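Worksheet: one structure, shown below.
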Amino acid sequence: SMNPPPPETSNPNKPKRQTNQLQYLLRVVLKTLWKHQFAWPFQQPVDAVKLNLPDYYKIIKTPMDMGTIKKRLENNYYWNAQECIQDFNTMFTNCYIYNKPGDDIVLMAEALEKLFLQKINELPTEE
Ligand SMILES: CCc1cc2c(n1Cc1ccccc1)CCCC2=O
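Residue 60 in the authors' numbering is what sits at position 19 of the sequence shown, and the numbering runs on without skipping anything.
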């Protein structure tokens with residue numbers, strides 16, 4: 042079996058910014074979720090080979106994970122906060138699409154998403 046290439050984390054011709062909202066997404070949102078006891082399954086791309094999930098990338102066509110988001114933030118990949126917020130939401134949604142209600146991994150995603158929502162609620166105004 043085979044994993045796909047990971048999502049892009051580097052693209053020199055993509056225009057970039059470092060904004061206070063993006064700084065918040067790294068220093069508050071990503072850091073909060075990353076240190077959580079349920080973060081570990083989401084800290085890298087889904088390894089469909091190791092996890093024996095041969096249908097994962099048949100079902101999930103827009104993969105995302107916090108390892109990728111971390112790299113994107115640290116390497117200033119984004120133009121705006123909404124891009125990054127979309128990546129987090131893609132990660133959660135993928136989990137809910139692929140798995141079943143009440144599954145351990147879904148409970149984990151739900152706990153992380155609750156924290157995510159609380160932090161994004163207080164996203165600072167620009168400038
Ligand atoms: C069907 C198994 C599974 C599905 C998934 C993951 N696992 C492996 C896993 C499940 C529960 C707790 C930790 C890892 C981790 C990555 C994200 C995901 O949707």
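Just so you know, even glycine gets a beta-carbon here, dropped at the ideal spot from N, CA and C.
Examine ligand 1 and report whether any of its heavy atoms sits within less than 8 Å of the Cβ of residue i.
i, result
"residue 129", "no"
"residue 161", "no"
"residue 153", "no"
"residue 146", "yes"
"residue 125", "no"
"residue 92", "yes"
"residue 149", "yes"
"residue 97", "yes"
Is DSSP giving residue i helix, strand or coil here?
i, result
"residue 126", "helix"
"residue 110", "helix"
"residue 81", "helix"
"residue 137", "helix"
"residue 132", "helix"
If I follow the unbroken alpha helix (DSSP H) through residue i, where does it start and stop?
i, result
"residue 75", "72-75"
"residue 156", "145-161"
"residue 64", "61-65"
"residue 98", "97-100"
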